[PDB]
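Chemist: quick one: experimental structure and sequence below.
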Amino acid sequence: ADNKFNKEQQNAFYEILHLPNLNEXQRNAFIXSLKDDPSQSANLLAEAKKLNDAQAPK
């Protein structure tokens with residue numbers, strides 16, 4: 001375990017960036033979480049996408 005950020009974690013990073021409605025504060029809490037704890041990638045994606053969806057004008 002030399003690297004801390006696997007491809008999955010980077011994928012999560014890009015997926016969170018892939019969220020345009022996510023407030024830039026929230027995007028960068030999620031990507032704070034991803035980048036102290038590169039483990040809850042799926043959790044952070046779930047929350048970030050739900051919050052992105054919430055902030056997304058329907």
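Modeler: Structure received. Residues are numbered from 1 along each chain as shown.
Chemist: for the spatially most central residue of the chain, give its distance to residue 29.
Modeler: If you average the C-alpha coordinates of the chain and look for the closest C-alpha using Cα atoms, centre = their mean, you land on residue 16, 3.9 Å from that point. Look at residue 16 and residue 29: by Cβ to Cβ, to the nearest Å, they are 10 Å apart. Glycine gets a C-beta too; all of them are placed from N, C-alpha and C.
Chemist: now residue 30. Nearest residue, chain neighbours left out?
Modeler: In space, residue 30 comes closest to residue 48 once its chain neighbours are excluded; the distance is 4.6 Å by Cβ to Cβ, 6 or more residues apart in numbering.
Chemist: what helix or strand does that neighbour sit in?
Modeler: Secondary-structure assignment from DSSP states H and E places residue 48 in helix 41-55.
Chemist: next, residue 4: secondary structure please.
Modeler: Classification of residue 4 using DSSP: H, G, I helix; E, B strand; the rest coil returns coil.
Chemist: surely it meets residue 38?
Modeler: Yes. A contact is recorded between residue 4 and residue 38 when judged using Cβ atoms under 8 Å, the distance being 5.2 Å.
Chemist: since that was my last question, I'll sign off now.
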